[PDB]
Amino acid sequence: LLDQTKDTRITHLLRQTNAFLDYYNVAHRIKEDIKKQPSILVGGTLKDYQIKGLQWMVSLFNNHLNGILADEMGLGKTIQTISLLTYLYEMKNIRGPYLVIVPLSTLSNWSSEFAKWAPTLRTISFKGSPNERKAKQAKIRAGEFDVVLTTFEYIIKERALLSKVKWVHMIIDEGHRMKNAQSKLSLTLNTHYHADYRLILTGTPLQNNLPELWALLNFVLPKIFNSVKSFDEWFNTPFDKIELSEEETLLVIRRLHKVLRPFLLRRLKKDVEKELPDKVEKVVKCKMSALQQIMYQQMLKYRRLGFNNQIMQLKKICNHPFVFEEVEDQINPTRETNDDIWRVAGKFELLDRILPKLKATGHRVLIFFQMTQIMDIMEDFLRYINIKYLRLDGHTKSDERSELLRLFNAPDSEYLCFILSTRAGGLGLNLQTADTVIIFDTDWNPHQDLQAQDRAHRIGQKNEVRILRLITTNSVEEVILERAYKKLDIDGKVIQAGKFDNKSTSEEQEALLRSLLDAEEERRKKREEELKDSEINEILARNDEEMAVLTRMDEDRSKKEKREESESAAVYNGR
Amino acid sequence: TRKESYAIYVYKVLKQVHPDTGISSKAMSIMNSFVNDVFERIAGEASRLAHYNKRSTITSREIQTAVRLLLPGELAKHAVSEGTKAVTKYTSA
Amino acid sequence: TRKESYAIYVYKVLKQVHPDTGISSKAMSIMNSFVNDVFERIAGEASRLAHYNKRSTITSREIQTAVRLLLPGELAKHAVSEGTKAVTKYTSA
Amino acid sequence: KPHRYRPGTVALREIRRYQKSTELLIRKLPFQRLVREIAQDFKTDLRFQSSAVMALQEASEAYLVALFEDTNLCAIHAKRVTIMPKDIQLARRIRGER
Amino acid sequence: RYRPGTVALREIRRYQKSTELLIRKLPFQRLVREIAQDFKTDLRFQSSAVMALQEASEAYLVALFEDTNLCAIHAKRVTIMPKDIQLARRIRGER
Amino acid sequence: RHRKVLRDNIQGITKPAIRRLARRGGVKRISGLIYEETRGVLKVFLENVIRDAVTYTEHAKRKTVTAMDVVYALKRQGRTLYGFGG
Amino acid sequence: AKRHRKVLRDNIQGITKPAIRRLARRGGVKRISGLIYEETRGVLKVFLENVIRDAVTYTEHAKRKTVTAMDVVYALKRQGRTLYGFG
Amino acid sequence: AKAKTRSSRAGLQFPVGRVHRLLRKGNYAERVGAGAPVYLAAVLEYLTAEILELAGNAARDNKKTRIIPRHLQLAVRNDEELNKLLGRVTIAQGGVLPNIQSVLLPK
Amino acid sequence: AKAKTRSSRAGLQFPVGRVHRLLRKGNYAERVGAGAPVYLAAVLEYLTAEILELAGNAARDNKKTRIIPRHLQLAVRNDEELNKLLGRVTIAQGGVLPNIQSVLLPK
DNA sequence: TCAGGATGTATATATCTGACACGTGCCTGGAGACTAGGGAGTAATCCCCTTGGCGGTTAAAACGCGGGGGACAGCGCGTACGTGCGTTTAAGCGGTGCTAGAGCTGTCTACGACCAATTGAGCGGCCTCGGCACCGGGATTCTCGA
DNA sequence: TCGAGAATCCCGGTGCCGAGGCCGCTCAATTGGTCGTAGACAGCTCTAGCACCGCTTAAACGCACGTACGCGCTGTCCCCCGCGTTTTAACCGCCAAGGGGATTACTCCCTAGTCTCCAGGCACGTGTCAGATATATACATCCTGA
Ligand SMILES: Nc1ncnc2c1ncn2[C@@H]1O[C@H](COP(=O)(O)OP(=O)(O)O)[C@@H](O)[C@H]1O
Ligand code: BEF
Ligand SMILES: [Mg+2]
């Protein structure tokens, strides 16, 4: 069929490797493995994952070939990049110039690991004023350095400055920022300079839609950049389940496996450790006060009316009112910390419910948000709760991100919770000190949902992770949840097709056929409150003694010693 | 040769407004040149509206629009009322 | 669908004026909307001149007149010259 | 004291500066939110081609510019150099815009 | 003898009351014929026409003096002056 | 059978008349220089209107300006005139 | 403020003091009085009410919900302000 | 085959037929709709009704039985709406609204 | 039966044919004369020749090779004739003639 | 503030007459019946241009402080303007007589509207490089004090 | 009237993307007939325009005098500019979704015809009264004195 890809592109493997600069051999032809860490590494431990992946990517450089790292999360891409350059240029000693471009959330982090996890290879950063960037730009302008460290846009702005210099091996992080080649960053990189080597570090493959997997594999290697246009309706065929999935997904997806073997690299935590405390993934449900539910039924303010993107309007009122001054005006005239703040929604009511257990067992918590404003009312809500929290969000400031990181990493931290921004989640921190993670809202793409989802269980996690999603029943938001794991079925034939291919196994893929297909069939079965402390205690408390220490919380929320506002929003939202 | 005008019509409407009042010849001339004028404005607008959409046909809906462009405010509202009512009653029979 | 314009024509005349000069896209848009505009003024005048005399036919003589109404002074004189000459040379062959 | 021009010289230096160039003098997003607001009242849920909003901006800036040339003529007429509200309200009263 | 300015107001009421044409005919008609000599020659005017010109022109000058008056009052003078007019025409855009 | 070639007839507009007009417009106290200016203004205005009228006339193969033609010249410049027809 | 925003100002305050002041500076104005600002917001808001009113009308006539460029060009072309360059 | 006039069917006093003739033979568009004459005629009726009504009221306030150009002048210039409509118009025999500026009156 | 374009016969650069089409299908009059397209096209040619010529001169005086809206603005507003013609027009990207009143300059 | 008095303004009463409101005969433009066909209405379809929001940066906006320049208030002067009068004249109103041309009708006829055959002028996509933005550094100038 | 110093032009190098030149694909412009009609032109009236004159007088003109307003001046107080510093919202780059703006195909009924009557609306008389127009009377109103 496309077998000219197999034979022609294996001889073309010879072409890239030698000429340009069972696939386990010919593409990998130059072989080696070493368990002995590089001499520059200071104060570190070797698990086997960054070893196997280590000499696999290092093998790709010996093959003079690039790749993508598809691995899960928490696998320490930092350390693989450190062992990467420190080992390569511990050998070659050439040591430069080479640059990495990392998320603005993680910068002083990278500077930290570069501090304690290797002294010999130093770098240079870009932050703050164009004045400080003047000092280091003219200072080290002359090109005396080991490595360039930058961030996303400063390569665009500084591009005039730092583009005039030659490059060989470049590294990016959070590759899913790339996506389109028409996105400005990519095409700048192309016009920017030329480095013979590249890489992509990420926590997931491309979007469910997967048009741009073309673009990726353009940026990965010479392979497909000539013929790009044609394959669309063939490869998209995965997007008579036996016949449809059989012809479409089994034929072409098998094809792509046989293509995708020498690219992506991944495993799970149980592979490297088994220290993962549990599957540590659960959810819950809720219900919203009918006050605004009546508005969902009628929607005669919503449909023809100034309002717009009424879905976005929903997600705004799905979460919580007080987004608009009048809510507080005809509702809470003094905007003081007040009741019906927590009684308006189920997230705030059952959130009150989980509070005493929160502080009770003291296990810490992360709360994430898709949209900004909500964190404000949440902050006021903690201002009533009085148990302290950090507020982190995009664009807040520059280096107080780092300062807050320090405030967290202190083992004595009294404030248990604090807030992040999903879009800025982006590996923006490392957390070993907490267990519980709570997500809100919608997150139209799961890759970020799972992205923040995985911050909890971390290498060296001594706690046992519990996770819950806050969704209210009988609402558009659980509809979008539906659509979300619908896209878990979409990528289940894509990124669950792309994930398991590392050493090019044999029967594991049919293990995912039978057992995974039992999972998709299980949600086919699926398609076609907890107010009592008993339930929530059970799902949360991780041992019977934890169940017992929650009896001290039975003395208040259990023991314990409307329409007007909708006529106000109907008249005054009656425009 | 007969030179037509709107005289007698204006005169009727007058009699349905102020049964007493007479209207001097000069004033009748003015009201004449008026009605011709306003007519040219409206049919002008309806014309090049029929043009900007590349329709070939002046219809009621244009005339309604053009009337809503020329006449300020209240005259627009009432005039639209008069028109709509009149057309309706025209179609009834 | 093709949206016609006067671009290439303006460009020719340019080349017969300033052989060097190029003309940016935006400027070409302006000159376009210009020529369409002036055209609408002139054919407008020639229209309702053909109307006030109850002729049914726009002819050269109207266009000459309308040109003498719109264009101030010297533009009127020269423009009339251009026209007359052009028509003449048209009839010669 | 630091080097300080007499009042009025910074002014002229501006006037040359701006009358030299073509830039749009009103920052976009304020203006676009302005237009959308004003259009809420007539019909609802309109969508503007960005080229349109550019059109409004260009017109309106040309209108206000004309208005200030004329107002300036009035203020100079009164032997003041400082335009004032009654100067404007005059200018619009003369053009016939009221 | 009235104080200066009272005869003025008494006029202003008088004229703003009535409709009469304010320019004696034959001067105006000879004016028009003169101005028309230059364009074509040997024209004949329907007297109704000359009436038309007179009515227009008087309405134009009347407007012009209302506006000029607005300017003179603006300057805190009561007496219209040439630069007042030349202003008014400069604002309307007639130059 | 003859045509006297005219001059200095704009003097036909006389200081008393212009004082009447100015009175109608609400002007209170006229300066003494307004007169020469006004004669300038008027002469401009009539120059335009009469040249357009004459144009229409030339077009229709007539030697006779007519009220219709003036009314069209005024409608043309943007000052509409009512009562004389058209 | 911090807790709840309540920082919504207004749209028409979007045109600012120094912006208006720049417009004047292009006009030739030398020294601007302090009251002119609220005024010029007045003028501007009127002008926009007119033009936009007409453009909206044209649009509703064609059954489009998209106010285009050709339409604004027509509204202005109607009030006598004719604009060039947009088609 | 009895005849009944389109004005009568309409309930209007303007000659719908005559309008339709004008719209056709003025070269406004190629094809004139069937409702357009009716609608337009209605409009013209309305406007003339306004101007006449106001005028008559004015003449009555001058105790004249008939409407004369002065009364059209006043009925048009007092009403602010029509004033906005007719603002460019010079009415024959017009006169002016009686108007006197503030500063001119004696102390 | 060899073909030759009416522009060529005319000696003009505007597409006489296209003009004739517009005059017919715009409903200006019922019947368009045969000379009218030619004559009109000649006129348009002349005017565009003027504006372009002046503009080019202006750009050359700014030492720019190409004509940009600013140069149309200046070529139109300096020429007094066209200024009279275009006086109601708002040119995009326009700018203004550099203008400073007498009294503003220092002593 | 109060008054005499002249001045112009508005009030009541005959009268005069030409403009209007109406009645009649006449005839052309409207109305009604009938036919076709093409333009507009509506369904189907798809993709791009719009909208909404967030991150991240930095140039502009807001704030405020001082001080120099100008708006405004009053005063004094003298000259240009209004008012009243007597005098002159050109407008106005009415007649007369002439006739140039505005305006209509009766001929034909060049000529412009169609309609069918035919093809290249112009249009959209797509290369592809130089004019212009633009930075940077240098030199030259224009507005302030001592 | 000489320095300082903050703008502003100028030379040179860089890069980059928008003008411009090039090619194949149409459809709109030619050609070339025919045929119905506006209009071109001659021929007639008969009307309103021009020219002139004579007679009346309301208005325009020249002038004299008094006066109040235009205008220059000075002072004074305040408020808008220029500058620096802290803040924030615009701006450019992302991310997404979905909905109106496009097209195309098909149908159906509305309107342009066309022919046949026929009464509304127009020219033209005709009587009669609403508003000038004229005399006489009463009264507000401004000016100047007090
Ligand atoms: N060999 C190791 N020994 C101890 N901890 C490790 C090791 N490798 C990784 N980690 C843990 O991984 C974390 C850093 O992971 P990170 O580089 O952020 O992962 P990724 O880059 O894959 O998202 C550190 O907190 C560290 O505790
Ligand atoms: F960035 Be890894 F998830 F700690
Ligand atoms: Mg990473």
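Swiss-Prot numbering applies to chain G: residues 16-102, in that order.
So this one's electron microscopy, 4.3 Å, going by the header.
Positions of Cβ are set from backbone N, Cα and C atoms, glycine also.
Here's what Swiss-Prot has on this protein:
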DNA_BIND  G:17-21  DNA-binding region
CROSSLNK  G:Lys32  UFM1 cross-link
CROSSLNK  G:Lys92  ubiquitin cross-link
MOD_RES   G:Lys17  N6-(2-hydroxyisobutyryl)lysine
MOD_RES   G:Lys17  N6-lactoyllysine
MOD_RES   G:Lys21  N6,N6,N6-trimethyllysine
MOD_RES   G:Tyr52  phosphotyrosine
MOD_RES   G:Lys78  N6-propionyllysine
MOD_RES   G:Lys78  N6-glutaryllysine
MOD_RES   G:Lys78  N6-lactoyllysine
MOD_RES   G:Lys80  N6-butyryllysine
MOD_RES   G:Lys92  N6-acetyllysine
MOD_RES   G:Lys92  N6-glutaryllysine
MOD_RES   G:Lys92  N6-butyryllysine
MOD_RES   G:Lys92  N6-propionyllysine
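Summarising the environment of G:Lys17 (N6-(2-hydroxyisobutyryl)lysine), the number of other Cβ atoms within 10 Å of its Cβ, over all protein chains shown, is 9. Put simply, of the recorded positions G:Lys32, G:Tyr52, G:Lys78, G:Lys80, G:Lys92, the one whose Cα is nearest the Cα of the residue listed as 'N6,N6,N6-trimethyllysine' is G:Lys32.
Applying an 8 A CB threshold to same-chain residues 6+ apart, the list for G:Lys32 (UFM1 cross-link) reads G:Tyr52. The most crowded of the recorded positions listed here (G:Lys21, G:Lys78, G:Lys80, G:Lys92) is G:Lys92, judged by how many other CB atoms sit within 10 Å of its own CB.
If you draw a 10 Å sphere around the CB of G:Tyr52 (phosphotyrosine), it holds 18 other CB atoms from the protein chains shown. Proximity to chain D (CB-CB distance below 8 Å) holds for G:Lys80 among the recorded positions G:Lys17, G:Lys21, G:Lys32, G:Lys78, G:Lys80, G:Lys92. Taking only the Cα positions, the spacing between G:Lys78 (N6-propionyllysine) and the residue listed as 'ubiquitin cross-link' is 21 angstrom. Distance from the CA of G:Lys92 (ubiquitin cross-link) to the CA of G:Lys80 (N6-butyryllysine) is 21 Å.
Under the three-state DSSP scheme, G:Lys17 (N6-(2-hydroxyisobutyryl)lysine) falls in the coil class. In this structure, the C-alpha atom of G:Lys17 (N6-(2-hydroxyisobutyryl)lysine) lies 47 angstrom from that of G:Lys92 (ubiquitin cross-link). Chain A lies within reach of none of the recorded positions G:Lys32, G:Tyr52, G:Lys78, G:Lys80, G:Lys92 when a CB-CB distance under 8 A is required.
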